[PDB]
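Protein chains in written order, with the authors' numbering: chain Se, 3 to 59; chain SX, 2 to 142; chain SJ, 2 to 186; chain SY, 3 to 128. A virtual CB, placed ideally from N, CA and C, is assigned to each residue, including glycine. First comes the structure, then the notes that go with it.
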Amino acid sequence: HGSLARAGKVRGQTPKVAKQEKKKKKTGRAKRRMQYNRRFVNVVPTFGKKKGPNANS
Amino acid sequence: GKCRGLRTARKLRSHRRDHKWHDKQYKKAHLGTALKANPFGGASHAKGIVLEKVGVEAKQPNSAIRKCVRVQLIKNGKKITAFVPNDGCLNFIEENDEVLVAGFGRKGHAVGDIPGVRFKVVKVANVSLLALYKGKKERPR
Amino acid sequence: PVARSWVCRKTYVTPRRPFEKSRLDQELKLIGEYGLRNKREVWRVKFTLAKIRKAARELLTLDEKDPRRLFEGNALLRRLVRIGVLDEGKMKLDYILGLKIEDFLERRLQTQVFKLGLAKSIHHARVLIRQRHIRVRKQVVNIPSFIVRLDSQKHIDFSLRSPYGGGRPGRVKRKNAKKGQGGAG
Amino acid sequence: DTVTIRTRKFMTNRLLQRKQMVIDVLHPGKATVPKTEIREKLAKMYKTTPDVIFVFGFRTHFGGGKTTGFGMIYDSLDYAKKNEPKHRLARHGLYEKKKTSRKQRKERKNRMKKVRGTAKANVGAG
RNA sequence: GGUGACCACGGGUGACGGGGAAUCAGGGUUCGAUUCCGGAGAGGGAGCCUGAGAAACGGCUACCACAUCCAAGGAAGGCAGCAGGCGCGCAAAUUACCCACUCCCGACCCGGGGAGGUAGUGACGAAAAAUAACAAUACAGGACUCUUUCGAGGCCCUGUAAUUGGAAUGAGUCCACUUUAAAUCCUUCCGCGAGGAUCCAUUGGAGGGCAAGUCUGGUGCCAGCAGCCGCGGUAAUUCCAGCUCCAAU
Ligand SMILES: [Mg+2]
Ligand SMILES: [Mg+2]
Ligand SMILES: [Mg+2]
Ligand SMILES: [Mg+2]
Ligand SMILES: [Mg+2]
Ligand SMILES: [Mg+2]
Ligand SMILES: [Mg+2]
Ligand SMILES: [Mg+2]
Ligand SMILES: [Mg+2]
Ligand SMILES: [Mg+2]
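In structure tokens form, the structure reads like this:
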């Protein structure tokens, strides 16, 4: 059985959005500098019960 | 226990020999059957013609219709169901269109739901679903 | 049939337990601590050291006073002092084992650019070396990860043919000079 | 002004009727050297005229401070048009070869078997 | 008479044999059609000449199996040499240039060599390795010093921005040279060639195994996801989207 009408229902009706543009992200070896720097030497503040590197506030 | 002796290199070899036709993973590989049975004649992928589009009903705990393709392989003329992966891609594939069907990753096991479907479609008229469902390469005409 | 070479073999090994965290959190330090190109570049040095340590360990199974141990040992030790890792004639083998990555990093060219003032921040070094600014001895060196022979430490110096060092100010200063002569004057 | 052509590994090849050595050309920021200049500057060197000096090899290496290579010297042009290979004489206008070009030869010489021995037809050729 | 469970004899192989390969705590396990050695076959067999030397296929003799031209009497066919095409196929290069290197045959220093080298194609694969750096600001901070703290001196720092700023370089392009055989390619260098809106890094992921958001839209047991565990039935940490992050890069 089964109606094959519903193939691509969801991509179909999800309202598309623009992908924006700001920063051409730094790459290669500078990326990795920015990386270490931003979670090793720099901030390393008074601990706030573990981190959340991509978490919310 | 084991035979353990010093001129017992054979009773041992010949012991550890036959007590592999009780392994499962070798009796696929070394017997014959596999090469004889799998429509994919020992071959990673294979080409075949889309003869119709068929929805399959998933295994109870997860209700849904899976959206696969009855294929007939060129080399054998052996038929197949292949689940066309990723959303709304069955919409792309039309009848009688030449598809490159690869496995599922379980090598013979059917994957998860999709009861009794080993194969997944990859290409369609020398394109690749990954390019179509991203909208990079369009349908040929 | 043809002429040609083959004998191409990898310089590295990827880790098994593919992302431990602990392992990542070490191997990142190393990349920043010394301005490394990439992650692989660690597991280059990681793979090279593991050779040495297994070469050494190969010898520690042999009985002493045995023609190989003595020969291969000296040869191997010399090769390390030669590049400036074991010191002064530490040269008796067991010691090799007690030795870590930090070392074959500290003796890369890149590090020994700012270690000898020259650069000004670790990444200058890797730029400066690529930019064909610095030389060794007489050859102008392009490569960051050239392990520097201990002998050839004092001969790292600003190239004779580069802007700082002397001769031909680079095209940026040549253009903003010609803006003052041609554009302004 | 700044070239300074220093040689290495000179051998007096009695039996090829020659003198032969590694040319070591220094050169600063100025780029390579051409083989004409090097011949004339290696001529007054050993005092044999430029005519009788043949140079190939020349391979520069980073920085452009230095370029190695091989050059060499016969005791007369008469011998050089004898011991030396074609390419090095043809390098400068003294001895050139035919331009039939390989597949013209082959297409011809696989005929002239078809014909028997009537020279007229073999001369017919292509 | 000879051989046999110390397994013969029979059958099979996705079997040309070695030298090695990737795997690998020690021991194995599978692969080795793969350039080096050894064997075999030139559609298939058989027989043949000729030859020291061949049962020789860039010989021929039939047959079988293939196939070309035709004036219908007859004639010429062998890529498992190199190129190329067709078919097969998941699955693989140019009707390229040349004897300059290594070597070989000749009567021979002199010709020829698709043996061979050189270009082209070429994410089969391996090595190195750009995709930015730095000063001053504006700040955003945090070990000396100073301050009860708030503040400040500042040797330390680092975050984003202004790019404020010039310096440095290569990817390109292209005078010139080398190379080579002639190139090409590489190495050398004159001359031009970086302010992002550029000279623009992607692929998978983001519940766990497993490094990474109960961030925000939409759907609502559908579509769909999910190697396994699973999610989806009206706030989905799981679908389709957006923004952020992570891994290698
Ligand atoms: Mg068979
Ligand atoms: Mg054939
Ligand atoms: Mg034969
Ligand atoms: Mg025969
Ligand atoms: Mg042939
Ligand atoms: Mg392939
Ligand atoms: Mg060839
Ligand atoms: Mg690679
Ligand atoms: Mg780039
Ligand atoms: Mg996970």
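Excluding the five sequence neighbours on either side, which residues of its own chain have a C-beta within less than 6 Å of the C-beta of residue i, listed in chain order?
{"i": "residue 42(SJ)", "result": "none"}
{"i": "residue 68(SY)", "result": "28"}
{"i": "residue 42(SY)", "result": "52"}
{"i": "residue 133(SX)", "result": "93"}
Once DSSP output is grouped into helix, strand and coil, what is the label at residue i?
{"i": "residue 13(SY)", "result": "strand"}
{"i": "residue 68(SY)", "result": "strand"}
{"i": "residue 50(Se)", "result": "coil"}
{"i": "residue 49(SJ)", "result": "helix"}
{"i": "residue 135(SJ)", "result": "strand"}
{"i": "residue 74(SJ)", "result": "helix"}
{"i": "residue 92(SJ)", "result": "coil"}
{"i": "residue 76(SY)", "result": "strand"}
{"i": "residue 123(SJ)", "result": "helix"}
{"i": "residue 114(SY)", "result": "coil"}
{"i": "residue 1(SY)", "result": "The question about residue 1(SY) has no answer, for chain SY in this structure spans 3 to 128."}
{"i": "residue 101(SX)", "result": "strand"}
{"i": "residue 20(SJ)", "result": "coil"}
{"i": "residue 140(SX)", "result": "coil"}
{"i": "residue 59(SY)", "result": "strand"}
{"i": "residue 20(Se)", "result": "coil"}
{"i": "residue 114(SX)", "result": "coil"}
{"i": "residue 171(SJ)", "result": "coil"}
{"i": "residue 106(SY)", "result": "helix"}
{"i": "residue 27(SJ)", "result": "helix"}
{"i": "residue 82(SX)", "result": "strand"}
{"i": "residue 20(SY)", "result": "strand"}
Buried or exposed: residue i, going by 16 or more other Cβ atoms within 10 Å of its Cβ?
{"i": "residue 64(SX)", "result": "exposed"}
{"i": "residue 14(SJ)", "result": "exposed"}
{"i": "residue 56(SY)", "result": "buried"}
{"i": "residue 61(SX)", "result": "exposed"}
{"i": "residue 125(SY)", "result": "exposed"}
{"i": "residue 49(SX)", "result": "buried"}
{"i": "residue 5(SJ)", "result": "exposed"}
{"i": "residue 90(SX)", "result": "buried"}
{"i": "residue 160(SJ)", "result": "buried"}
{"i": "residue 26(SX)", "result": "exposed"}
{"i": "residue 57(SJ)", "result": "buried"}
{"i": "residue 163(SJ)", "result": "buried"}
Quick check: what's the CA-CA separation for residue i versus residue j?
{"i": "residue 51(SX)", "j": "residue 137(SX)", "result": "23 Å"}
{"i": "residue 87(SJ)", "j": "residue 28(SJ)", "result": "23 Å"}
{"i": "residue 40(SY)", "j": "residue 47(SY)", "result": "10 Å"}
{"i": "residue 123(SY)", "j": "residue 117(SY)", "result": "7 Å"}
{"i": "residue 96(SJ)", "j": "residue 61(SJ)", "result": "11 Å"}
{"i": "residue 50(SJ)", "j": "residue 14(SX)", "result": "40 Å"}
{"i": "residue 70(SX)", "j": "residue 37(SX)", "result": "23 Å"}
{"i": "residue 102(SX)", "j": "residue 20(Se)", "result": "34 Å"}
{"i": "residue 21(SX)", "j": "residue 106(SJ)", "result": "50 Å"}
{"i": "residue 93(SY)", "j": "residue 106(SY)", "result": "24 Å"}
{"i": "residue 177(SJ)", "j": "residue 166(SJ)", "result": "20 Å"}
{"i": "residue 23(SJ)", "j": "residue 55(Se)", "result": "16 Å"}
{"i": "residue 59(SX)", "j": "residue 113(SX)", "result": "9 Å"}
{"i": "residue 157(SJ)", "j": "residue 122(SJ)", "result": "17 Å"}
{"i": "residue 96(SX)", "j": "residue 141(SX)", "result": "14 Å"}
{"i": "residue 43(Se)", "j": "residue 35(Se)", "result": "11 Å"}
{"i": "residue 12(SJ)", "j": "residue 52(SJ)", "result": "11 Å"}
{"i": "residue 7(Se)", "j": "residue 94(SX)", "result": "14 Å"}
{"i": "residue 28(SX)", "j": "residue 4(Se)", "result": "39 Å"}
For residue i, which residues from the same chain have a beta carbon less than 8 Å from its beta carbon, with the 5 sequence-adjacent residues on both sides left out?
{"i": "residue 111(SX)", "result": "105, 117, 118, 119"}
Residues in its own chain within less than 7 Å of residue i by CB, not counting five upstream and five downstream?
{"i": "residue 69(SJ)", "result": "63"}
{"i": "residue 81(SY)", "result": "19"}
{"i": "residue 67(SX)", "result": "56, 57, 59, 84, 114, 115"}
Flag this pair as touching only if the segment 20 to 30 of chain SY and the segment 4 to 11 of chain SY have three or more C-beta atom pairs under 8 Å; answer yes or no.
In short, these stretches touch, since the Cβ pair count reaches three.
Answer yes if the segment 120 to 132 of chain SJ comes into contact with the segment 33 to 53 of chain SJ, meaning at least three C-beta pairs across the two stretches below 8 Å, and no otherwise.
yes
Do the segment 59 to 78 of chain SY and the segment 97 to 111 of chain SY touch if we need at least three Cβ pairs shorter than 8 Å?
no
Hey, is the segment 141 to 150 of chain SJ in contact with the segment 171 to 186 of chain SJ, meaning 3+ C-beta pairs nearer than 8 Å?
no
Are there three or more Cβ pairs, one per stretch, closer than 8 Å when the segment 16 to 35 of chain Se is compared with the segment 68 to 86 of chain SX?
No, because fewer than three Cβ pairs between the segment 16 to 35 of chain Se and the segment 68 to 86 of chain SX fall closer than 8 Å, the two stretches do not touch.
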